[PDB]
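Numbering (the UniProt record's numbering), first residue to last: 72 to 364. Virtual Cβ for every residue (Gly too), placed ideally from N, Cα, C. Notes to accompany the following structure.
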């Protein structure tokens, strides 16, 4: 149950299920099963639709019933990941060759980051650091979640650090996972940004991140003071969903009272002239609203 009633001039513009157009300052709306915002008589709040990708509101649009769909969204294949590591400059070059994910004395450090494909399967990506010489570390990757994946014999990248132990090159590399249960692989940029070689310490992963997940669930929606309606999502992104329209008449005294504080245009009132809060004829909404899902 939303509440955006208007103490100002301007009317909301509503339609009944036959398309007849009505006007009211009452701002009490419920989201019904048809995914419209309706008043207590079931009339549908109208406004400009959103189009495109990303969706936006155009100046050329016909008002239509607001929808808040309600259709789901898909899963989220990982396209970025990061691993911040502190590497020890005094570490030995492993004597055991070759590098093997199974031989624990053939590498200097192992870390993990779990990424997702478009189906939402988890791939546990193992990352191995092998000091090759002073200030250089080869990096191998392997999808431990895919039994058909070939064992890594060639490095995905090589980290080179300068004399001060700051990462100088090799810090960004595209990785493609294996496949799980017939689903397509994830392809993501792996970043070692902020990794450093310490003069002395123990090899240690300080942070990992990645941007994929499971078809999940999100958060809130809001009406801004210019009537724009925005959804807020659990991926820390937002989407514009529509923009409420206001109406004004040359002669408000001419409007036909429909009961409650709802009104219909007549020959006496003139046609509704439409716009938005905060522009032209209309001042901003007094505040707006914010609601959790």
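Closest Cα partner of residue i within the set the options
| i | options | result |
| --- | --- | --- |
| residue 341 | 216, 359, 83 and 324 | 324 |
| residue 364 | 293, 283 and 156 | 293 |
| residue 122 | 115, 321 and 133 | 133 |
| residue 141 | 108, 281 and 244 | 108 |
| residue 93 | 101, 243 and 113 | 113 |
| residue 223 | 198, 104 and 139 | 198 |
| residue 337 | 256, 139, 202 and 321 | 321 |
| residue 163 | 347, 190, 343 and 202 | 202 |
| residue 156 | 150, 139, 182 and 131 | 182 |
Proximity of residue i and residue j at Cβ, strictly below 9 Å
| i | j | result |
| --- | --- | --- |
| residue 95 | residue 110 | yes |
| residue 291 | residue 303 | yes |
| residue 230 | residue 210 | yes |
| residue 196 | residue 174 | no |
| residue 317 | residue 298 | yes |
| residue 220 | residue 186 | no |
| residue 394 | residue 263 | Any property of residue 394 remains undetermined from this structure, which presents the chain solely from 72 to 364. |
| residue 147 | residue 330 | no |
| residue 144 | residue 261 | no |
| residue 353 | residue 81 | yes |
| residue 251 | residue 332 | no |
| residue 278 | residue 188 | no |
| residue 184 | residue 280 | yes |
Beta-carbon proximity list for residue i, same chain, < 6 Å, skipping 5 on both sides
| i | result |
| --- | --- |
| residue 296 | 355, 356 and 359 |
| residue 177 | 165, 167, 170 and 171 |
| residue 194 | 186, 214, 216 and 248 |
| residue 180 | 200 and 274 |
| residue 345 | 316 and 318 |
| residue 233 | 239 |
7 Å Cβ shell around residue i - same chain, five flanking residues per side excluded
| i | result |
| --- | --- |
| residue 98 | 74, 75, 76, 77 and 83 |
| residue 226 | 209, 210 and 211 |
| residue 117 | 84, 85, 86, 134, 135, 136, 137 and 316 |
| residue 339 | 322 and 325 |
| residue 190 | 146 and 254 |
| residue 100 | 73, 108, 109, 110 and 116 |
Beta-carbon contacts of residue i that lie in its chain and below 8 Å, excluding the five residues immediately before and after
| i | result |
| --- | --- |
| residue 362 | 73, 291, 292 and 293 |
As an exercise, report each continuous beta strand (DSSP E) stretch of at least 3 residues that is fully enclosed by the stretch 209-290, in chain order. Annotation note: the stretch 209-290 contains the following uninterrupted beta strand (DSSP E) runs of length 3 or greater, listed N- to C-terminal: 228-232, 238-240, 243-247, 258-262, 267-269 and 275-281.
Ranges of the beta strand (DSSP E) found wholly within the stretch 152-198, counting only runs of at least 3: Taken in chain order, the whole beta strand (DSSP E) runs of length 3 or more contained in the stretch 152-198 are 180-187.
Sufficient close CB pairs (3 or more, under 8 Å) joining the stretch 118-131 to the stretch 306-323: Contact check between the stretch 118-131 and the stretch 306-323: three or more CB pairs, one atom from each, fall below 8 Å, which counts as touching.
In chain order, what are the residue ranges of uninterrupted beta strand (DSSP E) at least 3 long that sit wholly in the stretch 89-136? Correct list: 92-95, 99-102 and 115-119.
Does the count of Cβ pairs from the stretch 233-250 and the stretch 262-280 closer than 8 Å reach three? A contact exists between the stretch 233-250 and the stretch 262-280.
Run through the stretch 306-356 for me and flag every whole beta strand (DSSP E) of 3 or more residues, listed as ranges in chain order. Whole beta strand (DSSP E) segments, 3+ residues: 309-315, 317-319, 333-335 and 344-346.
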